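In listed order, ligands and their atoms are each counted from 1. One is the number of the first residue; the rest follow in order along the sequence. Only heavy atoms go into these numbers, but all of them, side chains included; no hydrogens, no water, no symmetry mates.
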Amino acid sequence: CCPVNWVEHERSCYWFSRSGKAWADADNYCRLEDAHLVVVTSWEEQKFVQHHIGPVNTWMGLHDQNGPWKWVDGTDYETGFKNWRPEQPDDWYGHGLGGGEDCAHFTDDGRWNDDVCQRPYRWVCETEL
Ligand SMILES: CC(=O)N[C@@H]1[C@@H](O)[C@@H](O)[C@@H](CO)O[C@@H]1O
Ligand SMILES: [Ca+2]
Ligand SMILES: [Ca+2]
Ligand SMILES: [Ca+2]
């Protein structure tokens with residue numbers, strides 16, 4: 001029951017961009033498709049997303065812009081699945097662009113990193129059947 005060009009996996013529909021956007025723009029894009037930036041809650045979902053994105057930095061629906069880490073659909077962060085690269089998240093200021101790092105993304109090996117929300121990365125939308 002997914003729209004055309006979306007991939008079905010375990011009762012969810014996924015859309016994989018092939019262009020980049022800043023996190024806020026990617027978030028708005030997903031909402032306009034009645035969807036949300038991907039929310040990863042299991043190792044099997046993590047492996048499925050990794051297969052389709054390949055070795056490319058790609059935004060997910062996890063951020064700490066207003067305080068603590070939150071998933072865009074209200075899924076609890078603390079008790080949920082996490083796949084940070086060791087030493088991440090680190091809220092790095094050293095990029096010199098202003099502020100720390102408030103948006104999560106998959107890195108080239110699948111492990112997560114927090115980075116500057118303005119960066120243009122590919123993104124994934126998800127909707128639940
Ligand atoms: C893309 C990526 O992994 N970026 C990270 C950045 O977010 C920050 O953690 C930095 C710390 O030295 O290490 C990397 O450059
Ligand atoms: Ca999900
Ligand atoms: Ca942060
Ligand atoms: Ca980081």
Peer 1: Any side-chain heavy atom of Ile53 within less than 4.5 Å of one from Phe16?
Peer 2: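 Heavy-atom side-chain distance check passes, below 4.5 Å.
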
Peer 1: As an exercise, state the distance from CG of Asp115 to CG of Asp102, rounded to the nearest 0.5 Å.
Peer 2: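 Output value for this atom pair is 10.5 Å.
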
Peer 1: Any heavy atom of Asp114 sitting closer than 4.0 Å to ligand 1?
Peer 2: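 True for this residue.
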
Peer 1: May I ask you to check whether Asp114 brings an N, O or S atom to under 3.0 Å from the Ca ion (ligand 3)?
Peer 2: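 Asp114 does not place any N, O or S atom closer than 3.0 Å to the Ca ion (ligand 3).
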
Peer 1: Given OD1 of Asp102 on one side and OD1 of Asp64 on the other, what angle do they make at the Ca ion (ligand 3), to 10°?
Peer 2: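 Approximately 80° at the metal, rounded to tens of degrees.
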
Peer 1: Among all the protein's non-hydrogen atoms, which is closest to atom 9 (O) of ligand 1, and how far away is it?
Peer 2: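 Here the nearest protein heavy atom works out to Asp90 OD2, 2.6 Å.
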
Peer 1: Can you confirm whether or not the ring centre of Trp23 sits under 6.0 Å from the ring centre of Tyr29?
Peer 2: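 They do not qualify: ring centres at least 6.0 Å apart.
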
Peer 1: Looking only at distance, does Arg85 have an N or O less than 3.5 Å from an N or O of ligand 1?
Peer 2: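 Right, the criterion is met.
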
Peer 1: Using 3.0 Å as the threshold, say whether any N, O or S atom from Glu101 sits that close to the Ca ion (ligand 4).
Peer 2: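 Yes - counting backbone and side chain alike, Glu101 has an N, O or S atom under 3.0 Å.
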
Peer 1: Look up atom CG in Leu32 and atom SG in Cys125, then write down how far apart they are to the nearest 0.5 Å.
Peer 2: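 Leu32 CG to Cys125 SG: 10.0 Å, rounded to 0.5 Å.
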
Peer 1: To check your reading of the model: name the closest protein heavy atom to atom 12 (O) of ligand 1, its residue, and the distance in Å.
Peer 2: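 Ranking protein heavy atoms by distance from atom 12 (O) of ligand 1, first comes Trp92 CE2, 3.8 Å.
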
Peer 1: If the test is side chain to side chain contact (heavy atoms under 4.5 Å, CB included), which one of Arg111, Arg85, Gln46 qualifies with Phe106?
Peer 2: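 Running side chain to side chain contact (heavy atoms under 4.5 Å, CB included) over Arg111, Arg85, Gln46 with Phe106 returns exactly one hit, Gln46.
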
Peer 1: With rounding to the nearest 0.5 angstrom, report the CH2 to OG distance, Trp6 to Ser12.
Peer 2: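 The CH2 atom of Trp6 sits 10.0 Å away from the OG atom of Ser12.
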
Peer 1: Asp90: which N/O/S atom is nearest the Ca ion (ligand 4)?
Peer 2: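 Looking only at N, O and S atoms of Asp90, the one nearest the Ca ion (ligand 4) is named OD1.
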
Peer 1: Based purely on interatomic distance, does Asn113 place a nitrogen or oxygen under 3.5 Å from a nitrogen or oxygen of ligand 1?
Peer 2: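 In this structure, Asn113 places an N or O atom under 3.5 Å from an N or O of ligand 1.
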
Peer 1: Pair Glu101, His63 - check side-chain hydrogen bond (donor to acceptor under 3.5 Å, both in side chains), show working.
Peer 2: CA-CA 9 Å; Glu101 291 180 325; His63 77 269; over 6 Å; no

Peer 1: Hey, does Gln88 come in under 3.5 Å of ligand 1, counting only N/O atoms on both sides?
Peer 2: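 N/O-N/O distance below 3.5 Å exists for this pair.
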
Peer 1: State the atom name: nearest N, O or S atom of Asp91 to the Ca ion (ligand 3).
Peer 2: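 It is OD1 of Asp91.
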
Peer 1: So, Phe48 versus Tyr14, ring centres under 6.0 angstrom or not?
Peer 2: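 Ring-ring flag for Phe48/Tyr14: true, centres closer than 6.0 Å.
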
Peer 1: What's the shortest distance from atom 6 (C) of ligand 1 to any protein heavy atom, and which residue and atom give it?
Peer 2: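 For atom 6 (C) of ligand 1, the nearest protein heavy atom is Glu101 OE2, 3.3 Å.
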
